[PDB]
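This document starts with two versions of one protein chain, written out as structure tokens and named structure 1 and structure 2.
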Structure 1
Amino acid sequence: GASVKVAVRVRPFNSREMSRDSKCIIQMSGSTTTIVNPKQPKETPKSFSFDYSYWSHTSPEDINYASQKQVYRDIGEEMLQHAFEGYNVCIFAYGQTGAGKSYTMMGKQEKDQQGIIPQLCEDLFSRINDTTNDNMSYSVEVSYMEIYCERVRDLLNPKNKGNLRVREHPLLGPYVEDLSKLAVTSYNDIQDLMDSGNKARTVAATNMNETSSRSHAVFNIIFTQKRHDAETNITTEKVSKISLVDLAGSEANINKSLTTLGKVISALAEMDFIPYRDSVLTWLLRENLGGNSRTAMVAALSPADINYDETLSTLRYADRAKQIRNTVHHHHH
């Protein structure tokens, strides 16, 4: 099996940390991330090694700053190329509330501050429009959903209050019943759906009416490749499912999916039964976590001393995911 690739990324201090005069307890070198314990400075700092340790604590003027472009060119680009090979792929952002999950996955729409999802979509349509072999034609379908307190809402159709039911097809696996699946033929169109979708996510008074720290957003693309050949006249089809996930803060019930995800990751790392069905998230993502898919985790980290316990926990869960291996033959030309 192909190992689930893992990257961790530390962001600059935020308003909260600055108001408390937080010092940085995170260091990076190569693919290694080290964390210092602010309360017990007498211990030896704990180090963790990953596929990538992104230092984004400073600002783009730094030669060592890990940009949106590097984060995408490393893992995003790799997954898209796998989609083109015909493999199902998944990228999920994990981490404590405010560590930088949405920035990494969505980013902002200016200043080349766009995250993994916008860059991958753009890259996808660019590659498709660069095609010169008329025997190839493409189809791109998108779906966008939110999972909040186990409830699933269609973000591309906030015009229906149905809490869509997650089901298990008798033969083809889990799916969200009646979740809208829209055909898109340009990056501009997909971006427009992404934008309105982002506008439909649940907010929380508790988060100063900002998007609720407890909702999960799953962005799916169904990429179909059709290859003709004037001959026998059969068109062959290659279908890849791209799942881009932005999880709720790691710190019918509020934290079921996240706690269950932790258990699934731990169990998989150990095994190499798994409670996939214990939550809607782990259920829908069953094949991406141990199944037929190329998967990657990007763990967001706060650099502040005040978030030590939470950051250590994220690093430890990212270390375990690194141990997961999914289960995913041509002729010499």
Structure 2
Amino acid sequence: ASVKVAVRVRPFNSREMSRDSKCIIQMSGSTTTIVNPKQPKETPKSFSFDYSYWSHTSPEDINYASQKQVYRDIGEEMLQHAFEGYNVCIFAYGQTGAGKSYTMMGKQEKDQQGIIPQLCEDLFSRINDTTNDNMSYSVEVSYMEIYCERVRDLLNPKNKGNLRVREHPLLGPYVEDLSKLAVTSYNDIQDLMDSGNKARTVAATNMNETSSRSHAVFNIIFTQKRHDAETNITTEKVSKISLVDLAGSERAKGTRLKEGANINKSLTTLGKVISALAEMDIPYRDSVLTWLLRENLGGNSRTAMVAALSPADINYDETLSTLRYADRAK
């Protein structure tokens, strides 16, 4: 499938605990139902997806969708599509606090690593364990934040200023002066991640709360160089992997007119793009995010989205909204 959609519900968080929230979400197979706390005597609205991940409890539970499970269904198949020579995208969509960052980057400890570190680890593992003198590889990475139409390099502490996305008259859009680093090992790319994740939550980021108002894009340029001993020449196969942690879907009160405008525009545009992609079996320039990722959202590409869901009753409206958004992706 060129477009896969999964939803994932998390355990209660602190706000919900202090609120004595009821769980209004239940799952069965590929189906997720949601109860309207103000109307308990109804039958819940139902939704069906490629995957409905029940992670509302914990790894101690036999039925708990772990980071490992999610990655092996969605992430693993994407990496394989990249080895086959084509571009891929994985988006985490949802309300602030619903579980987007946890699903994508997760935690630094044992057992809690998200899609990004698991995919990177898997990649280098397949590379180093590739036995063949004719096959060599190169892995380059970029990590940035898209906030109010401007780009922030997370791999360069003194990213002096806000870099613009530009459209090369022939080779496509790109971020000017954005750092792209060649990495030769996992611990090395892992170093970059930690370093970038660190930059997303420093104290200064609380001024404009960019951790929840900007889109975080982790890009990997995967190049496979194929040698051939007969008539001695290499053929390069380049795959682009974009792993995205979108801005909170609820900010699309207290939200500034322009932050909200851009975020709405971004999420709305991404939705049209994906629905179109799923249609095929497209206004890219309408937002910086969809503009920068156009090549990873083409007819050749493959995309998957994981929509994070809060379990509690207090977030019924935003959670329904997220489910509808995922349902439209198709």
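Residues are numbered by position in structure 1's sequence, first residue being 1. Rigid core: the largest C-alpha set superposing within 1.5 Å between the two forms.
S.K.: Pick out the one residue among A204, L182, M136, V239 whose C-alpha shifts by 2 Å or more between structures 1 and 2, once the rigid core is superposed.
M.R.: Per the superposition, the moving residue is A204.
S.K.: Given a superposition on the rigid core, I'd like a yes or no on whether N292 shifts its C-alpha by 2 Å or more between structures 1 and 2.
M.R.: Yes, because once the rigid core is superposed, the C-alpha of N292 moves 2 Å or more between structures 1 and 2.
S.K.: After a rigid core superposition, would you say the CA of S257 moves by 2 angstroms or more between structures 1 and 2, or not?
M.R.: Yes, its C-alpha moves 2 Å or more.
S.K.: On a rigid core superposition, would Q68 pass a 2 Å threshold for CA movement between structures 1 and 2?
M.R.: Comparing the forms between structures 1 and 2, which are aligned on their rigid core, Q68 does not shift its C-alpha by 2 Å or more.
S.K.: After superposing on the rigid core, what is the C-alpha displacement of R151 between structures 1 and 2, in Å?
M.R.: Shift of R151 at C-alpha, rigid core superposed: 2.0 Å.
S.K.: Core-aligned, what's the Cα displacement of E43 between structures 1 and 2 in Å?
M.R.: Value for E43 between structures 1 and 2: 3.6 Å of C-alpha shift.
S.K.: Would you look up how far the C-alpha of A267 moves between structures 1 and 2 when the rigid core is overlaid, in angstrom?
M.R.: With the rigid core fitted, the alpha carbon of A267 is displaced 6.9 Å between structures 1 and 2.
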